[PDB]
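Residue-level structure breakdown
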Amino acid sequence: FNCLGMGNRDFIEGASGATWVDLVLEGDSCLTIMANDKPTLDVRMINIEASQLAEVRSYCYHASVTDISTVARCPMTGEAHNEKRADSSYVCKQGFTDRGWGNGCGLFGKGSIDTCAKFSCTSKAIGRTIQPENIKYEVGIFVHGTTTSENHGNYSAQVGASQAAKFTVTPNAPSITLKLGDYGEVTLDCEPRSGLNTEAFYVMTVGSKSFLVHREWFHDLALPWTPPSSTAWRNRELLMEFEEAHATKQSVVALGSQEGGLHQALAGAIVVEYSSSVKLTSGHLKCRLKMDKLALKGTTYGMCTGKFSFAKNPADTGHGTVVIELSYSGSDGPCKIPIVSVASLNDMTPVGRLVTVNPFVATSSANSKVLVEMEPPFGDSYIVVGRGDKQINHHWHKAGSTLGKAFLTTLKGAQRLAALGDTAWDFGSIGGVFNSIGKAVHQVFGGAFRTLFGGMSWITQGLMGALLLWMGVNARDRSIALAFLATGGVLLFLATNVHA
Amino acid sequence: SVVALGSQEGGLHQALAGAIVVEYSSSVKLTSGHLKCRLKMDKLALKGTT
Amino acid sequence: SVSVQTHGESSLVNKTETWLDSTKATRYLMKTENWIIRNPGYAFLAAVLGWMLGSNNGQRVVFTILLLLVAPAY
Amino acid sequence: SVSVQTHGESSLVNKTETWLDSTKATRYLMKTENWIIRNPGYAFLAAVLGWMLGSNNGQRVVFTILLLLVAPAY
Amino acid sequence: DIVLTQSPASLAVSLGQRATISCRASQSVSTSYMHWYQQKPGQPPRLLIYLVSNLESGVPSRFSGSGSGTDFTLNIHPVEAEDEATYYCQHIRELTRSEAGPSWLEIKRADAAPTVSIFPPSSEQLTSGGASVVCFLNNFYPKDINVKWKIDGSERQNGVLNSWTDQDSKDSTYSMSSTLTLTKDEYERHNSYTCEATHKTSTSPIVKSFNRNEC
């Protein structure tokens, strides 16, 4: 629900100018909003939920042969007919048995037989189709107040402080307004139906576990399949075989369990669990964060008059910021916690910015732990907690200097452009003009081009790109980039994006 | 979660294409034979022109 | 893996009904045809590359019909 | 069949560990390399066809490296 | 297409002893997709085990089980008096979804003999034209029991109305009420009325008799 210790933690730089913002989020990633008058926010997906799922069809991967029956007939008799062709449970096939005068017939060289075997399915997979309204999204939202190592990673604890909230956005109710208490209220307007594509794929159950598969590939699977209701199947002859015909003897043999082949047929499928409601891991949702009633209280506070202490030692979040936990032994609380991030000790001018804005002591109780995060600048810096001689400080250094960070925005920005489709420009939030046409140019470019030849797998589009790079070598003036258009970017990039 | 692949028996049957189906009981009986033999007819003759 | 690199074909003696014979003709084509039907937009620009280079006419198709078979399953 | 025409890749959202990811790089190459090692005598005359026609140098390899990838699994 | 049956249909076992239900599913390889329901008579059930490894919310941790394919199990090591109910199960994968012939939990105790009381019809019922001779069998365990209405030494199966309860809440025994309905004229033309109750406890039927000429 919060951004604490998440695998992917990305931030948001507030330019103010508007109280509303359109952001896209994910299950693994946690967005962090920092703005003026608005405290630090956490926005992430818990999982993707779906309420009602219809049964599209099923697939029998594992079968067994039962009741082999072959009716032998003489040559020149034409078709052979076994009485088992009436029931659909019996799998019947034409054929022949080369006849002499020794076996069953008075003619030579030819024959006719009808081989029937009752079909028995040992194991079958089942698919699911997703309805748009049934899709639910549990979106953890959190605002950073006074926190500890316990309550901050705790939900119900911050609900008592009204600093964390959960909710379910559906196409029936895409808009939800939740109050943060002392910090005001925020309005979240999401797009549940359009976050994913509900009809783009199915949910296939292989064995006990269920998995995601494209629905156009779902019907293109070659394997005996099943209608929703009960009985009559199609292509059930594929799991069984035939042999030579000696007199009346022909053995219908069944293929083994194809479950492994189904697991082999699954490559990019996402593992999905379930109990009452299916929980999808990687989220895609378009929400609107309205901060209008979110504000800062306590404008009249002052600094804390007493000693600090470290409840836990400082470390690096790996996302570019440094978090600390402080146990304040002073009894003068509630008080605004003095703290900064400075370049040198002789220079009291704050440089680094606090990730958690306005650190505050909850209650007058001494030794109360408080967890506050800050973003120091690049190079050698210092974490200074408090003013006057009772401040206790710490030295920090961060090698991520904007040279490499410019590429971390650039390179990941193109990675943000990839795999997000046309929604990639939603990071262009509070947009228009550029950001609007930047998505619009890529809109039809996303509705054509890459999606037209899309479906290429790994080196398929990657290898030919190197051959399409040769198209840029042979060309004419003003015709150079014409053969080079789709080559560089959008093609080799995603090939370099996923290596492996 | 360590998850196991399903039965590869089908994949083994998929891995089999030009394989010859062979049965057995106490001695394996292969269908298509290849053997080089020498037929000596020296003692084979015709009787019974009588 | 067991999915690819099949035993087929033995091609030693073997005049008989093998394990899979009639289905051997459906191995590549149908699965590659299901790929090119999967990706029609590629097939439009695919054959275009043949007419681009060499100006030798009939061998330009040798590019396409071979290259259109490359893309399925790499 | 289930052996070919795999789900891979989804390529919708999906930043996660999929069912088979690291093994996706070993799909084609290794199985096609096991094919060209299976048939080395072909590989000798294979790349010869590239140097035969067109006299355009560097694009003659474009024939080979592409055509040597065609023959495995057709 | 699938047939389900749960066994043993009635299990008498003391609280705290493990109860492992032998079960099965006819259509095979259900994967897991098997459940367990506890239902007291006259109530809706409650889902015990789903995923075959996992409880629902309200059901306490004493419920467990394992299985796949055909066979499945419900294993409760600390069976309790609160566990007394009719156990149900139900299947998924194919359709239609159906259940099994259920199984009863019974808390084990000492075998108890019935208290048999056979009451002649009231004077109010005789004046109404009918006569119903009732036979009350109280506090007997186990549930296996039989009543036989012997009129003048001859058994009559006509007009026999047998109303018996389930396993009691207090003493966990069974109580039965048998009723022999006759017309007053048919009641006054027959003299000796007795209901003999045979039970696993008493090797001989418990005979409570009265005659109209007697009192």
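Residues numbered from 1 in each chain as written, not as in the entry; some residues may be left out. Chains lettered and ligands numbered in written order. Part of a larger assembly, values for the part shown. Heavy atoms only, no water. Residues with missing side-chain atoms left out of burial classes, pairs and counts.

Structural notes on helix 7 (residues 459-473) of chain A
Compared with an ideal rise of 1.5 Å per residue, which puts 15 residues at 21 Å, helix 7 of chain A spans 21 Å between its outermost C-alpha atoms and is within 8% of the ideal. Taken as a whole, helix 7 of chain A has its buried residues at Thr460(A), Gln461(A), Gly462(A), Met464(A), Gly465(A) and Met471(A). (Helix = DSSP H or I, 4+ residues; strand = E, 2+ residues; numbered from the N terminus. Expected span 1.5 Å × (residues − 1). Buried < 20%, exposed > 50% of the residue type's maximum accessible area, 1.4 Å probe, protein only.)

Side note on a nonpolar patch on the surface
Side chains of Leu45(D), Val48(D), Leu49(D), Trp51(D), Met52(D) and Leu53(D) sit close together on the surface and give an oily, nonpolar patch of about 610 Å² of accessible area. Among the structural elements, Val48(D) can be located in helix 3 (residues 48-52). (Patch = residues over 30% accessible without salt bridge, like charges linked within 9 Å, V, L, I, M, F, W, Y side chains within 5 Å. Areas by Shrake-Rupley, 256 points an atom, 1.4 Å probe, with all protein chains shown as cover. Salt bridge = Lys/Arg side-chain N within 4 Å of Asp/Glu carboxyl O.)

Topic: the pattern of salt bridges
Inspection of every chain in the model, using the stated rule, returns 21 salt bridges over all chains. Salt-bridge contacts for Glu373(A) lead to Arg9(A); the nearest nitrogen and oxygen are separated by 3.0 Å. Of the two residues, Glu373(A) sits in strand 24 (residues 368-375) while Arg9(A) sits in strand 1 (residues 8-13), which places them 364 residues apart along the sequence. By relative accessible area, which is 6% here, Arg9(A) ends up buried. Ionic pairing is found between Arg156(E) and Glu186(E), a salt bridge with its closest N-O pair at 3.0 Å. Taken as a pair, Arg156(E) in the loop between strand 15 (154-155) and strand 16 (160-164) and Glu186(E) in helix 2 (residues 184-188) lie far apart in primary sequence, 30 residues in all.

Some remarks on the side chain of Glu196(E)
Residues and elements named next belong to chain E. The topology assignment puts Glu196 in strand 18 (residues 192-199). Although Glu196 lies buried, it forms no salt bridge, and the closest oppositely charged side chain, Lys150, sits 4.5 Å away as judged by the N-O distance. Not counting residues within four places of it along the chain, the set of residues in contact with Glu196 comprises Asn146, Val147, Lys148, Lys150, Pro205, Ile206 and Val207. (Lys, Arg positive; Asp, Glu negative; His and termini not counted. Contact = heavy atoms within 4.5 Å.)

Section: the domain arrangement of chain E
All names here are of chain E. One can read the domain layout of chain E as domain 1 (6-108) and domain 2 (109-212). Using C-alpha coordinates to define each centre, domain 1 is positioned 36 Å away from domain 2. Counting residues at the interface gives nine residues for domain 1 and seven residues for domain 2. When residues of domain 1 are sorted by the area they lose upon contact with domain 2, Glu106, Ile107 and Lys108 head the list and together hold 68% of the total. For the pair domain 1 and domain 2, the number of links is one salt bridge. Notably, a salt bridge pairs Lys143 with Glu106, separated by 3.6 Å at the nearest N-O pair. Across the domain 1-domain 2 interface, the total number found is three residue pairs in polar contact. At the level of elements, strand 2 (10-13) and strand 11 (103-107) are the ones that each hand at least two residues to the side of domain 1 that touches domain 2. Considering only residue class, the side of domain 1 that touches domain 2 consists of five nonpolar, one polar and three charged. (Domains from an automatic or database assignment. Buried area = accessible area lost by both parts, 1.4 Å probe. Polar contact = N/O pair within 3.5 Å; in protein donor to acceptor, adjacent residues only side chain to side chain. Nonpolar A, V, L, I, M, F, W, Y, C, P; charged D, E, K, R; others polar.)

Points about the arrangement of the chains
Contacts are most numerous, across the seven pairs of chains in contact, for chains A and D. The two units chain C and chain E are non-contacting; their minimal C-alpha-C-alpha distance is 24 Å. At no point do chain D and chain E touch; the closest pair of C-alpha atoms across them sits 19 Å apart.

Examining the interface of chain D and chain C
A common way to report how large an interface is uses the accessible area buried once the components associate. Facing 15 residues of chain D, the contacting portion of chain C comprises 15 residues. Mapped by element, the contributors of at least two residues to the side of chain D that touches chain C are helix 1 (29-38) and helix 4 (59-70) of chain D. When residues in the side of chain D that touches chain C are grouped by element, the largest group, five residues, is from helix 4 of chain D. Residues that form the side of chain D that touches chain C fall into these classes: nine nonpolar, four polar and two charged.

Structural notes on the sheet that holds strand 19 (residues 206-211) of chain E
Residue and element names in this part refer to chain E. On the basis of which strands lie adjacent, the open sheet formed by four strands has the order 15-14-18-19 and antiparallel pairing. The open sheet terminates on both sides in strands that have one partner only, identified here as strand 15 and strand 19. Bridge count for strand 18 against strand 19 is six bridges, and the pairing is antiparallel. The residue bridging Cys195 from the neighbouring strand is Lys208, located in strand 19. (Pairing = 2+ DSSP bridges.)

A few points about the packing of aromatic side chains
Tallying each qualifying case throughout the model produces 17 aromatic pairs over all chains. Each ring, one from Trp35(C) and one from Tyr42(C), has its centre 5.6 Å from the other, and the planes form 80°; the classification is edge-to-face. The same class applies to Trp35(C) as to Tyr42(C), namely buried. Between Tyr187(E) and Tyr193(E), the ring centres sit 5.2 Å apart and the planes meet at 20°, which makes this aromatic pair stacked. You'll find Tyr187(E) and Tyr193(E) in the same group, each marked buried. Grouping aromatic residues by their ring pairs yields a cluster made of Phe1(A), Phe142(A) and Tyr155(A). Between the NZ or CZ atom of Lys166(A) and the centre of the ring of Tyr155(A), over which it lies, the distance is 4.4 Å. (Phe/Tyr/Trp six-rings, centres within 6.5 Å; stacked < 30°, edge-to-face > 60°. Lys NZ or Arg CZ within 6 Å of the ring centre and 35° of its normal.)

A short note on the relation of the copies chain D and chain C
With an RMSD of 0.0 Å, the operation that places chain D on chain C is a rotation of 180° combined with a shift of 0.2 Å along the axis. Both copies of the chain, as the preceding transformation shows, are related through a two-fold rotation axis. Closest to the rotation axis within chain D is the C-alpha of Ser3(D), separated from it by 2.3 Å. The share of interface residues of chain D whose copies in chain C are also at the interface is 100%, consistent with both copies meeting through the same surface. (Least-squares fit on C-alpha atoms.)

What about the nonpolar core?
Counting 41 residues, the largest nonpolar core has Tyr137(A), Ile141(A), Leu285(A) and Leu289(A) as its most contacted members. Those residues within four positions of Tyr137(A) in sequence are excluded, and the remaining contacts are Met45(A), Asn47(A), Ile48(A), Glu49(A), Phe167(A), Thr168(A), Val169(A), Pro192(A), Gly195(A), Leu196(A), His284(A) and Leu285(A). If you look at the next biggest cluster of nonpolar residues, it comprises 23 residues, including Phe140(E), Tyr193(E), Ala197(E) and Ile206(E). (Core = buried A, V, L, I, M, F, W, Y, C linked by side-chain atoms within 4.5 Å.)

Side note on the interface of chain D and chain A
Counting residues at the interface gives 25 residues for chain D, matched by 41 residues for chain A. Buried surface at the junction of chain D and chain A, summed over both partners, amounts to about 3100 Å²; 64% is from carbon and sulfur atoms. The largest share of the area that chain D buries against chain A comes from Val2(D), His7(D) and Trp19(D), three residues that together contribute 27% of it. Taken together, chain D and chain A are joined by one salt bridge. We note a salt bridge from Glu26(A) to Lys15(D), for which the minimum N-O separation is 2.5 Å. Applying the counting rule to chain D against chain A returns 13 residue pairs in polar contact. If one sorts the elements of the side of chain D that touches chain A by residue count, helix 4 of chain D sits on top with four residues.

Some thoughts on the pairing of strand 17 (residues 174-183) of chain E
Residue and element names in this part refer to chain E. For strand 17, the tally of buried residues reaches eight of ten residues, placing the bulk of the element in the interior. When strand 13 (residues 130-140) meets strand 17, the two strands line up antiparallel, connected through nine bridges. Residue pairing in the sheet places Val134 in a bridge with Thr179 of strand 17. Pairing between strand 16 and strand 17: five bridges, direction antiparallel.

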